[PDB]
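To find a chain, count down the sequence lines: A is the first, B the second, and so on, and within it residues start at 1. Basis for what follows: all heavy atoms, side chains included, without hydrogens, waters or symmetry-related copies.
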Amino acid sequence: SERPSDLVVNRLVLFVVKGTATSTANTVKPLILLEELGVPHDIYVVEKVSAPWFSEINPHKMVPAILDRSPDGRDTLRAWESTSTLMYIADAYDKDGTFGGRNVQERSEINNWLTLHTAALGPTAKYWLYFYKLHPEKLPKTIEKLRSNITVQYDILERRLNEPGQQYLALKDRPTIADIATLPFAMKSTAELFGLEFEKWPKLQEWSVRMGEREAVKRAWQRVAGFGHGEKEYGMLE
Amino acid sequence: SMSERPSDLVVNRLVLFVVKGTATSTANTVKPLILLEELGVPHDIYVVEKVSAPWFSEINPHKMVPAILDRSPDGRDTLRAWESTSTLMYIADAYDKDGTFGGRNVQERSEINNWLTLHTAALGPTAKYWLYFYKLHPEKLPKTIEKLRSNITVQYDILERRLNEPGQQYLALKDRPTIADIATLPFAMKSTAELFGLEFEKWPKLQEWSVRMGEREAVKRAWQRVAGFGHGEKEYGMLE
């Protein structure tokens with residue numbers, strides 16, 4: 001119909017935009033999981049999220065989005081909303097439940113902390129960033145209240161990581177899609193952007209550093225910054 | 001622990017934590033209750049007097065209803081669910097073994113999670129922030145209230161477009177309602193639209209969908225029960 005010629009779905013295709021300091025907070029999430037699990041995937045750099053062909057993939061017209069083959073390879077499926085892309089990759093490629101949860105007990109906590117980010121810190125940070133930069137008029141009282149609500153979320157995450165042996169948000173033993181979803185909005189660089197002293201949440205800061213030291217996380221940050229700055233600017237990367 | 005539970009809080013089955021039924025207290029707690037009614041899951045109702053009570057904050061650190069305590073599958077331990085979307089995920093995982101509401105395969109689940117997460121991330125928080133700034137915030141911020149109201153119409157537009165697709169009777173799947181539909185319904189029905197100061201008739205397929213969902217016996221039972229909690233023989237604690 002209206003898809004670009006280079007949009008081929010032979011394996012998982014992760015839709016992103018050109019890498020900047022402000023454009024990668026959400027697209028890095030599925031990329032971290034793909035790197036952790038070693039999932040074969042392509043990167044598609046979307047020039048215009050407003051493009052009609054892209055709205056048929058994601059009606060919310062934002063990155064990240066995924067196109068992928070169905071398990072039997074006879075059909076195509078889609079994932080959109082960053083949390084949904086994490087849930088999809090876990091469902092399709094994490095059958096052992098290393099990042100998705102191995103049992104009902106593990107999944108119960110993973111979904112609690114994943115949903116907390118999806119419903120509270122995620123949208124609050126999104127609205128803060130909107131009213132701070134994007135909104136034509138400046139509403140500083142609304143900006144301050146959203147800033148305050150971020151500290152309330154940081155307080156909840158700090159208290160969780162102060163529980164005995166609770167090294168990660170969901171599970172004590174290893175990171176999950178809950179940790180991956182939270183990390184971009186709960187690290188020193190993002191705290192400085194909000195105008196907050198991240199040192200006020202010591203266990204949360206320690207957690208962000210521990211997550212940051214993971215090879216998959218380092219590779220994901222490096223790659224997501226680079227997308228659209230290579231020999232090919234837009235479309236399917238080589 | 002540092003907090004003591006009430007003597008009447010025992011977990012012999014799934015316990016759904018709610019507050020006294022009011023116009024503004026039921027929009028989230030009704031979601032897991034709809035799914036419990038659909039699947040015929042044996043459950044208790046616990047009416048929370050004070051969501052800031054230490055014992056309840058140890059169940060849900062976000063200090064809100066709904067929350068769930070349940071026995072682990074083997075019945076040796078207890079587990080918890082909190083955030084209304086997380087409670088739907090948990091009930092589906094533990095009790096929807098044939099995937100009727102949770103999705104039967106990766107393909108069904110891919111769409112269910114898309115529309116479930118859209119609500120959890122977009123309409124849900126936007127509606128909550130509108131409600132906050134409208135009647136909870138000490139000061140009136142009309143420019144903020146206006147933008148949030150505008151953002152609700154954009155979300156209604158997305159749902160309307162989806163339900164205008166050929167044979168798309170429900171948000172995620174064409175054939176049947178899922179946890180995606182259950183999560184969305186309370187924020188996409190006429191009474192809630194009228195609360196936002198919007199004309200719900202302007203989204204006709206979304207209105208038809210909300211009526212179709214509303215005609216389900218499980219949904220009718222859930223709405224009746226959630227309004228009545230804490231107004232029966234017992235005001236607070238474990239209901240009979």
Can you say whether [X] sits under 4.5 Å from chain A via the side chain, the backbone, both, or neither, judging by heavy atoms?
X      : result
B:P61  : both
B:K147 : side chain
B:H119 : neither

_Working for side chain to side chain contact (heavy atoms under 4.5 Å, CB included), residues B:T120 and A:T115_ = CA-CA 7 Å; B:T120 312; A:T115 300; 3.9 Å; yes
*Between B:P125 and A:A119, which heavy-atom pair has the shortest distance, and what is it?*
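Closest heavy-atom pair between B:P125 and A:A119: CG-O, 3.4 Å.
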*asked:* Applying a heavy-atom distance below 4.5 Å, give me the residues of residues 152-182 of chain A that approach chain B, sorted by number.
replied: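 Result: A:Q153, A:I156, A:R160.
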*Members of residues 80-105 of chain A whose heavy atoms come closer than 4.5 Å to chain B*: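 Near chain B, by residue number: A:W80, A:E81, A:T83, A:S84, A:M87, A:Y88, A:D91, A:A92, A:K95, A:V104, A:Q105.
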*Should A:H60 and B:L118 be marked as a side chain to side chain contact (heavy atoms under 4.5 Å, CB included) after you check the CA-CA gap, both sets of side-chain angles, and the distance that decides it?*
CA-CA 8 Å; A:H60 211 193; B:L118 179 64; 3.6 Å; yes
Is the number of heavy atoms from other residues, nucleotides or ligands within 6.0 Å of [atom1] ([X]) greater than 12?
X      : atom1 : answer
A:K133 : NZ    : no
B:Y134 : OH    : no
A:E2   : CD    : yes

*Measuring from B:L79:CG to A:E106:CD, what's the distance to the nearest 0.5 Å?*
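Here the rounded value is 12.0 Å.
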*Report the option among B:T126, B:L116, B:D77 that has the most heavy-atom pairs separated by less than 4.5 Å from atoms of chain A.*
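That would be B:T126.
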*asked:* Can you tell me which portion of A:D68 sits under 4.5 Å from chain B's heavy atoms? Options are side chain, backbone, both or neither.
replied: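 Looking at A:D68, nothing touches chain B.
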*Donor-acceptor pair between B:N151 and A:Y130 side chains, under 3.5 angstrom*: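 Side chains of B:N151 and A:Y130: no pair found under 3.5 Å.
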*asked:* Within the 4.5 Å heavy-atom criterion, are B:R80 and A:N112 side-chain neighbours or not?
replied: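 Counting from C-beta outward, B:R80 and A:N112 do come under 4.5 Å.
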*Determine the option with the most heavy-atom pairs under 4.5 angstrom with chain B, choosing from A:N111, A:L146, A:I110.*
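Top count of heavy-atom pairs under 4.5 Å with chain B: A:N111.
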